[PDB]
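Quick heads-up: it's one chain on its own, the form deposited in one PDB entry, in structure tokens.
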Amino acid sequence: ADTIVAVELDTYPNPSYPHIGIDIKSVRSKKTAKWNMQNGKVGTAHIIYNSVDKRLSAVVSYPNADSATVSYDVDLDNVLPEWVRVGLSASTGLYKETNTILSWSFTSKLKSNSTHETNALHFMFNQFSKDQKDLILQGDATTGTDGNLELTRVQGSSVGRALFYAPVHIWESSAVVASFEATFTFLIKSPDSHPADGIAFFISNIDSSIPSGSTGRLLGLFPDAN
């Protein structure tokens, strides 16, 4: 299977409450935190990591609201391949709901032992268009809808994904400090008062694709909840 490191936001029953979690190759989060999923409101996720601290951290917030944060000491050099692809995933249950990404930005940096040796990548979407050639859209994912990214069909069990086209060089054996930082504003709107949903920022192998039966709780990242 694919190598997945993710930061999911799910409201599925399958802890008995909405949470934010850090998944290292398994849907069974290595660490979680209570999340107050606010239907209709726009939320913001901040994911960060640096090779010095070897600590992955995320923070989800809503305006005038709470903020769920979850960290996990992990050396991605041991988990992920050298070259990866980053993305966003989403899955819907039996509920009518949307997983709209309003914005998305990423920054990766490899700093070598030598002088002025920085290597970086940085994309920043604040408006998706109909023909977004720099995004690999998988599943029921689409663009252009209000200049937004619709991960799940805009709905009865839907799984969508959107990874950036260019492969990302997460780590290097010669780097003194490698680090990344992602951010995205979402909006989960559902008519139902308590929908089962799930978004996630994931890092995977350059050729990761939706596993068969990765629906619902599997977030489109895992083929089974092993």
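The term rigid core refers to the maximal set of C-alpha atoms that superpose within 1.5 Å between the two forms. Shifts are known only where both forms have a C-alpha. Position 1 is the first residue in the sequence shown; the rest follow in order.
Quick note: we don't show the form deposited with a partner chain bound, though the next part is all about it.
No residue in the set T3, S26 and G213 has a non-hydrogen atom no more than 4.5 Å from the partner chain in the deposited bound form. When contacts are judged by a 4.5 Å heavy atom cut-off, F201 does not count as touching the partner chain in the deposited bound form. Looking at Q38, you'd find a heavy atom of it within 4.5 angstroms of the partner chain in the deposited bound form.
Contact between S190 and the partner chain in the deposited bound form is found at the 4.5 Å heavy atom cutoff.
Taking a Cα shift of 2 Å or more after superposition on the rigid core as the cut-off, the stretches of three or more consecutive residues that move between the shown form and the other one are 93-97, 192-194.
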